Amino acid sequence: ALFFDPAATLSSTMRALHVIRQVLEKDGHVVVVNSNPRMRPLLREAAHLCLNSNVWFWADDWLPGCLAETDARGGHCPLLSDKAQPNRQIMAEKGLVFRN
RNA sequence: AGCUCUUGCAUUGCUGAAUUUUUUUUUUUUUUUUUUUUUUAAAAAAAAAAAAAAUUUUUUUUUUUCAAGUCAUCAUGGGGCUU
């Protein structure tokens, strides 16, 4: 067995979501990474239901040296792929982005 | 200038040995999506998927060490020789 905490996890959770909002609307790039296989289809659901162009997702294994960027991959496999943003390909295949 | 004179423990080259076995695991073509360089365009880069596959009658080819051998293969350093 191990620890629990209700107030801290809610506070940290709302805190991290506000952190995601500021880094997103300051024009950065957000990557969501979880390499546990059981929760991968939920991440596919999120990767199909997302709307903003800057949230990115990864579900497979973590390759050795992903963020090393030693050889110029222009960013590694978690970065800019159709796997990273599956929604961007389909949203542009439909052609209509939520655009004004 | 010429040595078939020496020195393979001065050498180049070439080879011996067993070190007898390893020489397929790796790319390329195509697709999709996207982005790097240049005043109407190619490459380039990145994520994924599919196929093509790797020379010759089947052995050659790739291989580490012995001052291993050869100055008579030619060469050539040194020394010797030229009634």
# chains A, B, ... in the order shown; residues from 1 in each chain; ligands from 1
$ closest_atom_pairs --of "chain B" --to "chain A" --cutoff "10 Å" --atoms "only C-alpha atoms (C1' of nucleotides)" --output "Markdown table"
| residue | atom | partner | partner_atom | distance |
| --- | --- | --- | --- | --- |
| B:32 | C1' | A:82 | CA | 9.5 |
| B:33 | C1' | A:82 | CA | 5.8 |
| B:34 | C1' | A:81 | CA | 7.0 |
| B:35 | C1' | A:74 | CA | 8.9 |
| B:36 | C1' | A:74 | CA | 9.1 |
| B:45 | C1' | A:74 | CA | 7.0 |
| B:46 | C1' | A:73 | CA | 6.3 |
| B:47 | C1' | A:81 | CA | 4.5 |
| B:48 | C1' | A:83 | CA | 7.7 |
$ select_by_dssp --residues "chain A" --states "strand (DSSP E)" --output "PyMOL selection string"
chain A and resi 30-33+55-58
$ closest_residue --among "A:20, A:49, A:15, A:62" --to "residue 37 of chain A" --atoms "only C-alpha atoms"
A:62
$ closest_residue --among "B:42, B:68, B:54, B:1" --to "residue 16 of chain B" --atoms "only C-alpha atoms (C1' of nucleotides)"
B:68
$ residues_around --residues "residue 75 of chain B" --least-positions-apart "6" --cutoff "12 Å" --atoms "only C-alpha atoms (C1' of nucleotides)" --output "PyMOL selection string"
chain B and resi 11-13
$ select_by_dssp --residues "chain A" --states "helix (DSSP H, G or I)" --output "PyMOL selection string"
chain A and resi 6-25+37-49+86-94
$ atom_distance --atom1 "atom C1' of residue 29 of chain B" --atom2 "atom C1' of residue 52 of chain B"
6.8 Å
$ closest_residue --among "B:82, B:24, B:56, B:64" --to "residue 3 of chain B" --atoms "only C-alpha atoms (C1' of nucleotides)"
B:82
$ atom_distance --atom1 "atom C1' of residue 65 of chain B" --atom2 "atom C1' of residue 17 of chain B"
9.5 Å
$ atom_distance --atom1 "atom CA of residue 31 of chain A" --atom2 "atom CA of residue 13 of chain A"
16.8 Å
$ residues_around --residues "residue 5 of chain B" --least-positions-apart "3" --cutoff "12 Å" --atoms "only C-alpha atoms (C1' of nucleotides)" --output "PyMOL selection string"
chain B and resi 71-72+79-82
$ write_last_selection --atoms "N, CA and C atoms (P, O5', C5', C4', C3', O3' and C1' of nucleotides)" --output "PDB file, in the first residue's frame"
ATOM      1  P     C B  71      66.737 -15.090 -52.355  1.00  0.00           P
ATOM      2  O5'   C B  71      67.046 -13.997 -53.472  1.00  0.00           O
ATOM      3  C5'   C B  71      66.272 -12.797 -53.519  1.00  0.00           C
ATOM      4  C4'   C B  71      66.963 -11.752 -54.348  1.00  0.00           C
ATOM      5  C3'   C B  71      68.460 -11.967 -54.527  1.00  0.00           C
ATOM      6  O3'   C B  71      68.911 -11.592 -55.820  1.00  0.00           O
ATOM      7  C1'   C B  71      68.061  -9.893 -53.454  1.00  0.00           C
ATOM      8  P     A B  72      70.189 -12.320 -56.461  1.00  0.00           P
ATOM      9  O5'   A B  72      69.549 -13.469 -57.355  1.00  0.00           O
ATOM     10  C5'   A B  72      68.844 -13.177 -58.575  1.00  0.00           C
ATOM     11  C4'   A B  72      67.796 -14.226 -58.886  1.00  0.00           C
ATOM     12  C3'   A B  72      66.968 -14.714 -57.706  1.00  0.00           C
ATOM     13  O3'   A B  72      65.649 -14.945 -58.136  1.00  0.00           O
ATOM     14  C1'   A B  72      68.065 -16.548 -58.717  1.00  0.00           C
ATOM     15  P     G B  79      78.223   1.232 -49.605  1.00  0.00           P
ATOM     16  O5'   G B  79      79.054  -0.110 -49.414  1.00  0.00           O
ATOM     17  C5'   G B  79      79.572  -0.407 -48.115  1.00  0.00           C
ATOM     18  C4'   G B  79      79.843  -1.885 -48.025  1.00  0.00           C
ATOM     19  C3'   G B  79      80.647  -2.451 -49.191  1.00  0.00           C
ATOM     20  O3'   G B  79      82.039  -2.254 -49.025  1.00  0.00           O
ATOM     21  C1'   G B  79      78.767  -3.810 -48.812  1.00  0.00           C
ATOM     22  P     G B  80      82.907  -1.925 -50.304  1.00  0.00           P
ATOM     23  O5'   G B  80      83.017  -3.327 -51.069  1.00  0.00           O
ATOM     24  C5'   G B  80      83.697  -4.400 -50.393  1.00  0.00           C
ATOM     25  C4'   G B  80      83.557  -5.688 -51.161  1.00  0.00           C
ATOM     26  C3'   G B  80      84.029  -5.640 -52.612  1.00  0.00           C
ATOM     27  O3'   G B  80      85.431  -5.815 -52.705  1.00  0.00           O
ATOM     28  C1'   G B  80      81.945  -6.745 -52.485  1.00  0.00           C
ATOM     29  P     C B  81      86.226  -5.009 -53.821  1.00  0.00           P
ATOM     30  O5'   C B  81      85.925  -5.825 -55.153  1.00  0.00           O
ATOM     31  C5'   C B  81      86.371  -7.179 -55.284  1.00  0.00           C
ATOM     32  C4'   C B  81      85.735  -7.806 -56.492  1.00  0.00           C
ATOM     33  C3'   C B  81      85.978  -7.070 -57.797  1.00  0.00           C
ATOM     34  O3'   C B  81      87.213  -7.443 -58.391  1.00  0.00           O
ATOM     35  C1'   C B  81      83.678  -7.578 -57.585  1.00  0.00           C
ATOM     36  P     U B  82      88.425  -6.402 -58.382  1.00  0.00           P
ATOM     37  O5'   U B  82      88.593  -6.004 -59.913  1.00  0.00           O
ATOM     38  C5'   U B  82      88.781  -7.020 -60.906  1.00  0.00           C
ATOM     39  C4'   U B  82      87.786  -6.833 -62.021  1.00  0.00           C
ATOM     40  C3'   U B  82      87.994  -5.606 -62.898  1.00  0.00           C
ATOM     41  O3'   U B  82      88.848  -5.901 -64.003  1.00  0.00           O
ATOM     42  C1'   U B  82      85.684  -5.900 -62.331  1.00  0.00           C
TER      43        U B  82
END
